[PDB]
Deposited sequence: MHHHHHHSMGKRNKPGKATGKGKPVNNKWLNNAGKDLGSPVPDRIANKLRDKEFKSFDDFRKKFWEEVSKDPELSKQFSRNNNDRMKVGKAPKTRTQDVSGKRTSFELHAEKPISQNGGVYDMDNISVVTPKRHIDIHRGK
């Protein structure tokens, strides 16, 4: 029964441009605001609700295409570009740096999620 805590961070209008490097892109503060009034059932329930809220924020929703907002409305992560694709991993990933502290969660591309857990 899962709860989320954390502040997140203020973000720009190219939220996921950094998702390729380091630990990625942060949970945005306004999203965090909403997620902390919720209850979850798994990190999976957390993930789906995370995408949901993204779809609804004026200032984030604007950065995704229609077909992407369409996924995120039912809790699926946005598809990456094809060039950031790896294997059968085609959408953006949450990475946990360790009940859900959103100040240690972030958003990465697949190939960066890869490198992160193989120590590069």
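What the model leaves out of the deposited chain are the segments 1 to 14, 113 to 119.
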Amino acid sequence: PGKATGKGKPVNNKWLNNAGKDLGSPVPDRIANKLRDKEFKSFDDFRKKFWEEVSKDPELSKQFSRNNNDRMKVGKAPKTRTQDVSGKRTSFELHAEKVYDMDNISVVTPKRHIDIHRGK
From here on, numbers count along this sequence of modelled residues.
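The mean C-alpha temperature factor is higher for 31 to 39 when 50 to 58 and 31 to 39 are set side by side. Between the stretches 79 to 87 and 65 to 73, it is 79 to 87 that shows the larger average CA temperature factor. In the PDB entry, a CA B factor belonging to the highest third of its chain's modelled residues is recorded for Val11.
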